[PDB]
Amino acid sequence: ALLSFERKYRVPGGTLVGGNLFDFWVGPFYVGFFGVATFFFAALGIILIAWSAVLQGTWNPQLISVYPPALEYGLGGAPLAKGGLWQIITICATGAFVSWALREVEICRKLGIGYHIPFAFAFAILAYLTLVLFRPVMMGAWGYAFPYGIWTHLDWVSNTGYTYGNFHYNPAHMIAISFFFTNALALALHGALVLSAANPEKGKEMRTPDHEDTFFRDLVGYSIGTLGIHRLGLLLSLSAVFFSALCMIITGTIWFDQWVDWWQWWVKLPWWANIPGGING
Amino acid sequence: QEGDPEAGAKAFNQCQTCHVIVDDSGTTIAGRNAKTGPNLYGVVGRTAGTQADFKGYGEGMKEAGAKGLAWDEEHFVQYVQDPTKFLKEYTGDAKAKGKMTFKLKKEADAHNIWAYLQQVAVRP
Amino acid sequence: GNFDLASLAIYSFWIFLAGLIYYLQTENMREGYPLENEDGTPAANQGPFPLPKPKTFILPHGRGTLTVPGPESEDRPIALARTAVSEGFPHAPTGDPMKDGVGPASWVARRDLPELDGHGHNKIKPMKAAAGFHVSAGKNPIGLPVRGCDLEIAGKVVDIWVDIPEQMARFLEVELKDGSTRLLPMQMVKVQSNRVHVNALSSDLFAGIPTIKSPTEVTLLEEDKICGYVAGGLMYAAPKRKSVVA
Amino acid sequence: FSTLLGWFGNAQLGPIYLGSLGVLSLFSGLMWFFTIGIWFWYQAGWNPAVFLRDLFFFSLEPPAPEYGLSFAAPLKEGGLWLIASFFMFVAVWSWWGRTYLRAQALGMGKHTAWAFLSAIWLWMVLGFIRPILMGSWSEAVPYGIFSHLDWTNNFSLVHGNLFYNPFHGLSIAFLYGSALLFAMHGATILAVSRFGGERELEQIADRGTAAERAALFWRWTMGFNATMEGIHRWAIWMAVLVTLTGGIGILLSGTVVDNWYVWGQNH
Ligand code: BCL
Ligand code: BCL
Ligand code: BCL
Ligand SMILES: CC[C@H]1c2cc3[nH]c4c(c3C)C(=O)[C@H](C(=O)OC)c4c3nc(cc4[nH]c(cc(n2)[C@@H]1C)c(C(C)=O)c4C)[C@@H](C)[C@@H]3CCC(=O)OC/C=C(\C)CCC[C@@H](C)CCC[C@@H](C)CCCC(C)C
Ligand code: HEM
Ligand SMILES: CCCCCCCCCCCC[N+](C)(C)[O-]
Ligand SMILES: CCCCCCCCCCCC[N+](C)(C)[O-]
Ligand SMILES: [Cl-]
Ligand SMILES: [Fe+2]
């Protein structure tokens, strides 16, 4: 159950806790102290969700929704059947995520590779925690987070959005999206370039990293190189998620009116706010 | 004629992403428990921006009702084609604002919905 | 009689996706498969996905071909022994892992030749042999000493190897105490205003570092030999790593 | 003759050849930019001050629904829109063609041409196919910063909350995936760059310790893994699948499905 070159790598060590105690594998997966942890949280949350499935009265994975503690509840607790569960689950989740990340750290150590991977992943977690912790905490209530339901979480987005008109107008929201689209483009382009250099016209030698840079340049006008393209994807992707957390952390905490009104500042500048004509005059 | 209700009903659907129709009993005549906008039950003949439950009326909507607006076919149709504009003209204020981020393009659609409104959302 | 176009489309699409998934996966089985046991013999339980049909890569510069998937190359004794008779357990080094090249200090039996750029010239050259490459990057590392995680010095920077194509420094030639010199992976050394810190290797393991036959060019095989050794130090040169690392 | 094509073929902007199409591309491009631009100024009242303050408010709207699909619409009410679009059309397709030929010229695979093709499918659907199938250019996207964002919102509301569109979701799934995947591959590569990993093509033809550690990192983390090559076969599909599925979903809107919420409750 190993790769024809996995061997020489499966040496002992690299852990962060427990030492050689949990330092082993279960088939393809590596366990480590945080492997059992991730499994713990994972399973606990899985259960609690199913419990909520029963309390709710259905096993259809398209109806099962775990709603948080009603607004009134504030930041205190709540009955298991009335938000309590959502809270604990949201605990197992945070945990399972942070575990899943630390487990990566042990694997990065054993292989003598970089730490960029979990480092990035952390961003997803901040983003998450932003929606289910920070934002609600700043706004003063758990009820402000989103439900854990396949479709019931989309409605949350819908509603939460129209709660401020056409969310589009959110400056931060604009940037993020911008990053999301560019990343997609960037990722597409990247793959395409390598595959096209590795799989050239029938009967030709693979292309050279130079044919690669001469092509990419003839599209953008600049040469960013290999180390550069990857450092840009990681950059583009992380940014998007970052400008997203920012995008929300301000919505309802410092901004309350419809995002479209925010742009008035630009229009209302003294030197032109009162000039007749145009659209806003 | 001049407003097919059964046609307006299908139309109103798209309104359901923000509106809902519920009588004073608490029963749904149309809607998905959407609260982004006000309950349209009784909108007919009602004064603009006076629905007791809705707490998100814009300044234009409130001020336009206080000036004497009570939704009748004529004005209703002008509203769903471009709220903000409508609210500006009728309000007389060039800096008025509407919160209904939606525009019903077909003028016919409006007349059909209004009919549906007359058939299902008129508080006796 | 008619059909719901949308739902037919959504349905079709899924059939498609699965197929793509299968395609992708199998395609990603040219390197590493078939799977062997901790023993060295086939696992027989390769999985649901089958190996793909062989394809041949015509390498440039006349380096030859490459047909994948194909016979497993890996030819070099693995200085590691089981730790238990139960599958799924580590394999501890018999001798010196850093030297025997295992775990975090492993290397691959890559072609024994230097990487060539688009024209056919080496990709990496010692700057003091480059075609007009100056040190405008900022701080000149040439000259300054080179110490290990033990804080003891082990030599000085003699020259910077540059990646002519991508135009970026990739190696640091540091002369040792016995006249000879060694190569260091830039990423594994921090350049300070007064010295070079190699938190990866100990001031004594600066010799174990593999050498490059040609004193003006390093072949791919040699890079794997080096880097792997250096990076592996992190894990194995920990007993001699002086705390308070920055 | 060929002499002229040979002249053009060498068009450049420094160390890069612009090719024949490349000229038609850029030229047609500026004409597009020029078309929208002129209009904006007309709407600004030729006053630079007003232009700069309402720059995101200007919108070159498409013809009215009454004008159907004819090009009879007067300039200040639909004409400029068509003209602009006409340029953006030639602009884009030229560029696609350039990307293709330039790959053939270097003797490479036509992947980039294909990838780009998926993005064009979405563009193509929004401003051309769907309007034609719907029967009018009024169903088209207007040129303007704020204006097209307004479009989008309305488009959704009109068709019963796109969220409930399977193809909208499928798409979004891939949009997120793309971030995720590139976020991974990017970090991963960097993580093994010390082993000269960024040099993927050479790792493709001559596996290095880098292409092993990576493959091993994930195999231990998630149970499976890619190959220095294949990962990119993921990267490409992962991305192209955004506009693809994407395109489809928009095309089905209005033409086949009226309200996605409802269509969702029945399925
Ligand atoms: C009508 C609705 C509004 C609107 C309302 C909102 C609201 C409300 C929000 C957004 C948010 C977002 N919007 Mg919006 N949005 C609108 C229209 C758009 C349009 C468009 C074409 O018009 C676009 C492109 C976007 C784009 C976006 C994204 C930039 C952003 C999502 C953050 C993210 O991806 O985190 C991705 C990553 C995470 C969320 C991390 C969590 C993942 C965890 C860490 C890992 C999961 C592990 C898992 C459980 C294990 C699985 C099981 C195993 C497989 C076995 N919106 C309209 C106008 N939008 C969100 C935002 O800003 O978020 C910060 C947000 O809250
Ligand atoms: C800020 C952005 C919003 C948001 C906005 C949207 C929108 C808009 C859409 C989704 C959609 C989806 N969302 Mg969401 N979503 C948010 C946060 C989450 C979180 C989380 C822990 O934070 C999770 C697990 C999900 C999960 C999902 C998937 C079920 C679905 C499509 C997969 C996808 O896009 O994968 C990207 C990642 C991958 C492809 C990698 C593999 C990940 C797998 C696919 C995730 C498994 C999720 C699983 C079913 C639930 C696990 C439960 C545990 C087993 C107990 N969302 C936040 C609140 N989400 C789409 C849908 O169809 O909704 C109905 C959709 O259109
Ligand atoms: C209220 C609004 C609705 C909504 C309505 C719509 C509509 C309507 C659409 C989407 C579409 C999309 N939505 Mg949505 N969407 C909503 C909420 C969301 C949320 C969220 C968390 O809330 C998310 C994550 C998304 C995500 C997405 C993306 C998956 C998808 C766009 C792909 C793309 O960017 O292609 C970007 C790439 C292109 C458009 C390619 C075309 C580019 C051409 C080829 C090149 C132009 C060159 C040019 C001339 C140069 C100009 C330079 C610029 C000026 C800078 N939506 C809400 C519920 N959404 C789109 C979709 O499904 O598309 C298929 C779509 O049509
Ligand atoms: C810059 C941020 C981007 C990013 C990066 C990223 N994601 C990552 C990584 C990185 C760098 C990993 O290394 C890690 C990975 O291993 O790759 C597959 C991962 C990963 N990203 C994942 C998902 C994911 N990433 C997403 C987004 C993003 N990831 C961003 C775009 C999304 C979204 C919202 O689009 C999703 C769904 C996982 C597949 C994987 C991490 C696996 C993991 O954490 O497992 C932990 C444990 C379980 C399997 C059990 C969870 C059970 C319960 C504890 C919780 C569930 C309840 C509730 C919280 C969810 C309910 C969902 C409802 C909303 C429907
Ligand atoms: C669907 C085509 C639709 C109709 C019809 C409609 C009507 C409508 C009326 C008559 C009012 C005024 C009510 C009163 O004075 O009591 C009104 C107000 C708001 N609407 Fe609406 N509306 C329709 C659709 C939508 C949609 C899709 C949304 C959300 C994007 C929406 C929102 C709102 C809001 C908000 C208001 C209050 C506005 C204010 O106070 O300025 N409507 N709508
Ligand atoms: C000088 C003004 C520049 C304005 C450029 C406006 C870009 C808005 C593009 C969105 C419209 C897209 N399209 C093709 C679908 O119509
Ligand atoms: C090529 C990468 C594989 C990506 C697999 C992603 C599956 C996500 C599916 C989301 C479910 C969407 N929906 C609405 C159609 O059910
Ligand atoms: Cl191919
Ligand atoms: Fe790559």
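1. A closer look at the domain arrangement of chain D
Residue and element names in this part refer to chain D.
Working step 1: For chain D, the domain assignment lists domain 1 (1–109) and domain 2 (110–267).
Working step 2: With centres defined by C-alpha atoms, the gap from domain 1 to domain 2 works out at 25 Å.
Working step 3: Domain 1 puts 34 residues into the contact, and the matching count from domain 2 is 26 residues.
Working step 4: Interface area for domain 1 against domain 2, summed over the two sides, is near 2,500 Å², with a carbon-plus-sulfur share of 76%.
Working step 5: The largest share of the area that domain 1 buries against domain 2 comes from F56, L69 and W96, three residues that together contribute 23% of it.

2. Side note on the UniProt feature "binding site: a ubiquinone" in chain A
All names here are of chain A.
Working step 1: UniProt annotation of "binding site: a ubiquinone" refers to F216 when read in the numbering used here.
Working step 2: Topologically, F216 is positioned in helix α6 (residues 209–220).
Working step 3: Once residues lying within four places of it in the same chain are set aside, the contact partners of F216 are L189, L193, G221, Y222 and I224.

3. Points about the coordination of the magnesium atom of ligand 2
Working step 1: Coordination of the magnesium atom of ligand 2 by the protein comes from a single atom, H153 of chain A (NE2), at 2.4 Å.
Working step 2: Along the chain, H153 of chain A turns up in helix α4 (residues 152–162).

4. Brief notes about the UniProt feature "binding site: a ubiquinone" in chain D
Working step 1: Within this numbering scheme, the UniProt entry marks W218 of chain D as carrying the feature "binding site: a ubiquinone".
Working step 2: Tracing the chain through its elements places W218 of chain D in helix α9 (residues 209–222).
Working step 3: A relative accessible area of 13% places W218 of chain D in the buried class.
Working step 4: Those residues in contact with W218 of chain D that lie beyond four places of it in its chain are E104 and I117 of chain A together with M184, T188, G223 and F224 of chain D.

5. Focus: the interface of chain D and chain A
Quoted interface sizes are often the accessible area lost when the parts come together.
Working step 1: Counting from both sides, the interface comprises 80 residues of chain D and, opposite them, 84 residues of chain A.
Working step 2: For the pairing of chain D and chain A, the buried interface totals around 7,500 Å² over both sides, and the portion due to carbon and sulfur atoms is 70%.
Working step 3: Remark: the boundary between chain D and chain A carries three salt bridges.
Working step 4: We note a salt bridge from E212 of chain D to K8 of chain A, for which the minimum N-O separation is 3.6 Å.
Working step 5: Summed over the shared surface of chain D and chain A, the result is 32 residue pairs in polar contact.
Working step 6: Among the elements that make up the side of chain D that touches chain A, the one with the highest residue count is helix α7 (residues 166–191) of chain D (13 residues).
Working step 7: Here the side of chain D that touches chain A is built from residues that sort into 43 nonpolar, 21 polar and 16 charged.

6. A look at the UniProt feature "transmembrane region" in chain A
Residue and element names in this part refer to chain A.
Working step 1: Here, the residues flagged by UniProt with the feature "transmembrane region" are residues 32–55, 83–111, 116–138, 171–198 and 225–250.
Working step 2: This span, residues 116–138, is 100% helix and 0% strand, and a straight line between its end C-alpha atoms measures 30 Å.
Working step 3: Secondary structure within residues 225–250 divides into 92% helix and 0% strand; the distance between the first and last C-alpha atoms comes to 37 Å.

7. Quick word on the site of ligand 4
Working step 1: Around ligand 4, 27 residues are found, and the nearest of them are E104 and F121 of chain A together with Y176, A179 and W218 of chain D.
Working step 2: Each of chains A and D places residues next to ligand 4.
Working step 3: Side-chain polar atom of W100 of chain A to an oxygen atom of ligand 4: 3.3 Å apart, as the coordinates give it.
Working step 4: Contact between ligand 4 and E104 of chain A: an oxygen atom at 3.0 Å from a side-chain N or O atom of the residue.

Cut-offs and rules
Residues numbered from 1 in each chain as written, not as in the entry; some residues may be left out. Chains lettered and ligands numbered in written order. Heavy atoms only, no water. Domains from an automatic or database assignment. Contact = heavy atoms within 4.5 Å. Buried area = accessible area lost by both parts, 1.4 Å probe. UniProt positions renumbered as here; feature names shortened; annotations may be inferred. Helix = DSSP H or I, 4+ residues; strand = E, 2+ residues; numbered from the N terminus. Donors = N, O, S within 2.8 Å, 3.2 Å for Na, K, Ca; no water. Buried < 20%, exposed > 50% of the residue type's maximum accessible area, 1.4 Å probe, protein only. Salt bridge = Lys/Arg side-chain N within 4 Å of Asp/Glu carboxyl O. Polar contact = N/O pair within 3.5 Å; in protein donor to acceptor, adjacent residues only side chain to side chain. Nonpolar A, V, L, I, M, F, W, Y, C, P; charged D, E, K, R; others polar. Near = heavy atom within 4 Å.

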